[PDB]
Structures are given as structure tokens and as C-alpha cells.
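> One structure, as C-alpha cells, below. Some questions next.
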Amino acid sequence: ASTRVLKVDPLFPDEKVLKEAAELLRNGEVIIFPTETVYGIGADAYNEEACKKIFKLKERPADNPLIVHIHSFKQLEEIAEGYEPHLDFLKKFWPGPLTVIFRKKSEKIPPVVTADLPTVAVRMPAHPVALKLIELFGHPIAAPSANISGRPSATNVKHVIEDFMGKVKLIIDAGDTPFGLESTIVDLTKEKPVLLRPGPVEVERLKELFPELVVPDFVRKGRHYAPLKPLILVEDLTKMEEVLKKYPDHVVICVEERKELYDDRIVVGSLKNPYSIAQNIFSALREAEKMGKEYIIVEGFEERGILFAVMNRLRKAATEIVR
Ligand SMILES: Nc1ncnc2c1ncn2[C@@H]1O[C@H](COP(=O)(O)OP(=O)(O)OP(=O)(O)O)[C@@H](O)[C@H]1O
Ligand SMILES: C[C@@H](O)[C@H](NC(=O)O)C(=O)O
Ligand SMILES: [Mg+2]
């Protein structure tokens, strides 16, 4: 395709770059853009043919539905029904790193976007580049994470280029994404709200708002976020010794406060500042897989606050888990 990489300021992006992106979207092209969570790979959400390209480019199963990104509460009314009782909730978290499942109203959103489901995943991203792009473009943007399906979600343009140079016309670069992890997904169609994916809106906070929040087994347990070398997640750190010596040709991903115990290690971040771990975990997976070792070994973390989401991701990535 011959890919343009256009840098923009995250607070006040050059509207001329956004205009170029909007035009491509109008032509039924796919572009890659930043959000506060991860980079997205997006098309016109009302354009069936363009959204099909997203699947082709990611090598993604058709049964995996796309999140529809909006910039206003007015757009919500166009695409979803039955949200009215949750508007107070939404106005508290949007724009922000929250995706919500509602019943689909719109026949404007083709089946391919929603994988033939009667629900639609909606997100209003708290990233001025995304917001302004959507607004200028004039339609919602359907976009999964910017990565080959199965691989770690891009949190910077480097990762995007690894996966997509030559495959898309335009990548908008606004640097490293603030959170580094995908949005919290909460299903609001059932009588009790269901957490479908942990993220920057933390479980603890959702439990405060929704005492009856249901957290399914698949969230707490186990394609997705997986490096090219095998991944060994060590929840029980007492076995760390056993593991290193069982898998000798390795690189470790570890926290700051245990860096000087490993020989060959990438420091993902500090337990002192767990948002640093979230921000960097996917980069760390991509660095690791390069460091020419046979095995990537990752320390486990508390299943609390943002590290809950981190652990969700690592569990879905791991080739073996050590409990
Ligand atoms: N209506 C819906 N019902 C249930 N889950 C939904 C719905 N709409 C979107 N989702 C979820 O939204 C998530 C979007 O993630 P994304 O599109 O980046 O793909 P992924 O699962 O991370 O895989 P990939 O490796 O291709 O990125 C998926 O986990 C999908 O289950
Ligand atoms: C692109 C970004 O918004 C992302 N989308 C996805 O994972 O499909 C998210 O929900 O955080
Ligand atoms: Mg994804």
C-alpha cells in the first residue's frame, strides 16, 4: 500500500492530518490511530466492505466482533437501545477506557461488525485524536486493537509498523498510549452487569458501583497477546528457581524491585507504580521475543487494581502457567 506515518500531538492534533484520515475512511480504507488504551485499526462502522478488510488484515476470526467507537452521546442513540437507565453511569466514565455491551438498534452497523450478534460493543475513547477523528469523519469507527490477531496489542507506532507496514495506507502516531491495556468491557444487557474484560476501569471500582457485578471464570482463568517465543507465567514466585533452571535458555520479564536477581531480564516496571507495568507489558513481550532466547519467563502479579488486567492478559498469552 505504501504506508504514511503521520505524527500528531495527542492533545491538539493537526486537523489536516485528521482530515486526511477521514478521507481514507470515507473511501472505505482502513487506518490505524491512537487511543488512551491501545492503538486501533479502524474503518467506517457503517461500511461492511471496509470492516471486512479489518478481519483480512488481522487474520481475525469472523466470530470475534468489533468495538464501535463514538464521540458523542447522540451517536449512542443511533446505534444502541436500552442504555437510558445507564446514562448516569456512562456520563461518569465516558470519554474513557470503558467499552459497554448494549442491544444493537442500528441497521446502519452491518452484521460483520457485530459478528451477527444482537449486541454491539460501544466505546467513547478519552483520546483527543480519536474523538476529533471520529467527529471530523462523521461516522462511528469500528476498530479492534492494532495487531495481528494473537499478537500483543500495539501501544506505539513501532509495534504497529512491525505488524502493518505496507498493509495500510495511514498510521497516525501519537506516541506511547497512556494505559497500555485495552478498555474494560462491561456487559449491561443482562439483569446483573458482567465483566467481560478487565482494564483501566478497575474491578474494585466496578464492584463499588455494581455490587452484583458478575466476574466469569474465563476472566480469572484462560491466542491473544502472545509473543513469538513460548511464554511461561510464574504465579508462584517460590518456583522461580525451578523454572529458570528447567528452562535455561530464557529471558525474564520482572519488576524493578527484583531486577538484580535474574541475569537476563527486561524490567517491565515497578510494583511501586503498577500503572508502569500495565503501560509497558505489551512492549516488554515484543522486546523479549527478539532477545534471542528460547523462552520468555514472566513474573506473576497480584490480581488487584490494574495488575488484575495485566494478569488477565498474561494468562491468555502464556504457553504454560506455573501456580
Ligand atoms: N457484542 C459483543 N459481545 C461480546 N464480546 C464483544 C462484543 N463486541 C465486542 N466484544 C469483545 O471485544 C473484544 C475486542 O478485542 P479486539 O477486537 O482487539 O480482539 P481480540 O479479542 O483482542 O483479538 P485480536 O488478537 O484479534 O486483537 C473481543 O474480546 C470481543 O469478545
Ligand atoms: C482500539 C482500542 O479502543 C481497543 N479496542 C479493542 O481492544 O478492540 C480498546 O477497547 O481499548
Ligand atoms: Mg485485540
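By order in the C-alpha cells, chains are A, B, ...; within a chain, residues start at 1; ligands start at 1, following the order shown.
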At a cut-off of 8 Å and counting only C-alpha atoms and all ligand atoms, what residues surround ligand 3? Please answer as a VMD selection string.
chain A and resid 144 to 147 149 to 150 152 to 153 182 224 to 225
> Write the residues you've just listed into a file as a PDB file, in the first residue's frame, and include N, CA, C and O atoms for each of them.

ATOM      1  N   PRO A 144     -10.867  -2.989  16.254  1.00  0.00           N
ATOM      2  CA  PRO A 144     -10.121  -3.772  17.225  1.00  0.00           C
ATOM      3  C   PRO A 144      -8.746  -3.166  17.499  1.00  0.00           C
ATOM      4  O   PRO A 144      -8.375  -2.164  16.894  1.00  0.00           O
ATOM      5  N   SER A 145      -7.989  -3.796  18.399  1.00  0.00           N
ATOM      6  CA  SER A 145      -6.611  -3.412  18.663  1.00  0.00           C
ATOM      7  C   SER A 145      -5.756  -3.570  17.406  1.00  0.00           C
ATOM      8  O   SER A 145      -5.998  -4.453  16.582  1.00  0.00           O
ATOM      9  N   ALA A 146      -4.754  -2.690  17.276  1.00  0.00           N
ATOM     10  CA  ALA A 146      -3.833  -2.700  16.151  1.00  0.00           C
ATOM     11  C   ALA A 146      -2.757  -3.761  16.375  1.00  0.00           C
ATOM     12  O   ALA A 146      -1.725  -3.503  16.993  1.00  0.00           O
ATOM     13  N   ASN A 147      -3.040  -4.971  15.890  1.00  0.00           N
ATOM     14  CA  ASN A 147      -2.103  -6.074  15.968  1.00  0.00           C
ATOM     15  C   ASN A 147      -2.622  -7.190  15.079  1.00  0.00           C
ATOM     16  O   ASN A 147      -3.826  -7.276  14.855  1.00  0.00           O
ATOM     17  N   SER A 149      -3.913 -10.740  14.774  1.00  0.00           N
ATOM     18  CA  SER A 149      -4.691 -11.471  15.762  1.00  0.00           C
ATOM     19  C   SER A 149      -3.781 -12.471  16.464  1.00  0.00           C
ATOM     20  O   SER A 149      -3.027 -13.178  15.804  1.00  0.00           O
ATOM     21  N   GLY A 150      -3.821 -12.483  17.800  1.00  0.00           N
ATOM     22  CA  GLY A 150      -2.983 -13.385  18.574  1.00  0.00           C
ATOM     23  C   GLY A 150      -1.759 -12.689  19.172  1.00  0.00           C
ATOM     24  O   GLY A 150      -1.247 -13.124  20.201  1.00  0.00           O
ATOM     25  N   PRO A 152       0.577  -9.346  20.761  1.00  0.00           N
ATOM     26  CA  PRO A 152       0.354  -8.262  21.709  1.00  0.00           C
ATOM     27  C   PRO A 152      -0.144  -6.978  21.051  1.00  0.00           C
ATOM     28  O   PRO A 152       0.306  -6.611  19.967  1.00  0.00           O
ATOM     29  N   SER A 153      -1.051  -6.288  21.746  1.00  0.00           N
ATOM     30  CA  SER A 153      -1.695  -5.100  21.215  1.00  0.00           C
ATOM     31  C   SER A 153      -0.693  -3.946  21.151  1.00  0.00           C
ATOM     32  O   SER A 153       0.010  -3.671  22.123  1.00  0.00           O
ATOM     33  N   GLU A 182      -6.081  -2.630  26.936  1.00  0.00           N
ATOM     34  CA  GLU A 182      -7.393  -2.407  26.351  1.00  0.00           C
ATOM     35  C   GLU A 182      -8.420  -2.030  27.417  1.00  0.00           C
ATOM     36  O   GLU A 182      -8.264  -2.352  28.593  1.00  0.00           O
ATOM     37  N   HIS A 224      -4.179 -14.490  21.751  1.00  0.00           N
ATOM     38  CA  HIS A 224      -4.317 -13.247  22.499  1.00  0.00           C
ATOM     39  C   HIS A 224      -3.015 -12.895  23.213  1.00  0.00           C
ATOM     40  O   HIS A 224      -2.590 -13.572  24.146  1.00  0.00           O
ATOM     41  N   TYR A 225      -2.392 -11.822  22.709  1.00  0.00           N
ATOM     42  CA  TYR A 225      -1.353 -11.071  23.397  1.00  0.00           C
ATOM     43  C   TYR A 225      -0.056 -11.884  23.454  1.00  0.00           C
ATOM     44  O   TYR A 225       0.812 -11.591  24.274  1.00  0.00           O
TER      45      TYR A 225
END
> Neighbours of ligand 2 at 6 Å or closer, counting only C-alpha atoms and all ligand atoms: which residues, as a ChimeraX atom specification?
/A:35,37-40,67,143-145,182-183
> Restricting the calculation to only C-alpha atoms: of A:142, A:254, A:215, A:21, which residue gets closest to residue 270 of chain A?
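Closest residue, counting only C-alpha atoms: A:254.
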> From a DSSP pass on the backbone, collect the residues of segment 38-94 of chain A flagged as strand (DSSP E) and hand them back as an MDAnalysis selection string.
chainID A and resid 40:44 67:69 80:81
> Would you save the residues from that selection as a short mmCIF file (atom, residue, chain, number, x, y, z; two decimals), in the first residue's frame, using N, CA and C atoms?

data_model
loop_
_atom_site.label_atom_id
_atom_site.label_comp_id
_atom_site.auth_asym_id
_atom_site.auth_seq_id
_atom_site.Cartn_x
_atom_site.Cartn_y
_atom_site.Cartn_z
N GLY A 40 -5.72 1.42 17.68
CA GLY A 40 -6.79 0.73 16.99
C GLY A 40 -6.55 0.70 15.48
N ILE A 41 -7.16 -0.30 14.84
CA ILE A 41 -7.16 -0.41 13.39
C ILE A 41 -8.62 -0.35 12.95
N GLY A 42 -8.97 0.73 12.26
CA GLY A 42 -10.36 1.14 12.19
C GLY A 42 -10.84 1.33 10.76
N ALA A 43 -12.16 1.19 10.59
CA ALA A 43 -12.84 1.53 9.36
C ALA A 43 -14.20 2.12 9.71
N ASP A 44 -14.81 2.73 8.69
CA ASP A 44 -16.19 3.19 8.73
C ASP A 44 -17.08 2.06 9.26
N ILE A 67 -15.35 -3.47 18.32
CA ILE A 67 -15.85 -2.38 19.14
C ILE A 67 -16.07 -1.15 18.26
N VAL A 68 -17.23 -0.52 18.45
CA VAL A 68 -17.65 0.64 17.71
C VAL A 68 -17.36 1.87 18.56
N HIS A 69 -16.55 2.77 18.00
CA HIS A 69 -16.05 3.94 18.70
C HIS A 69 -16.84 5.18 18.28
N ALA A 80 -27.59 2.06 19.62
CA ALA A 80 -27.93 1.18 20.73
C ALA A 80 -29.30 1.52 21.32
N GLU A 81 -29.92 0.53 21.97
CA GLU A 81 -31.17 0.76 22.69
C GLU A 81 -31.08 0.16 24.09
#
> Name the residues in contact with segment 23-27 of chain A at a cut-off of 12 Å, using only C-alpha atoms, excluding same-chain residues fewer than 5 positions from it; report them as a PyMOL selection string.
chain A and resi 4+16-18+32-33+41-47+49-51+53+133-134+136-143+168-171
> To one decimal in Å, tell me the separation between atom CA of residue 61 of chain A and atom 2 (C, counted along the ligand's line) of ligand 1.
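If I compute the distance from atom CA of residue 61 of chain A to atom 2 (C, counted along the ligand's line) of ligand 1, I get 13.8 Å.
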> Please compute the atom CA of residue 318 of chain A-atom 30 (C, counted along the ligand's line) of ligand 1 distance, one decimal, in Å.
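Spanning atom CA of residue 318 of chain A to atom 30 (C, counted along the ligand's line) of ligand 1 is a straight-line distance of 19.1 Å.
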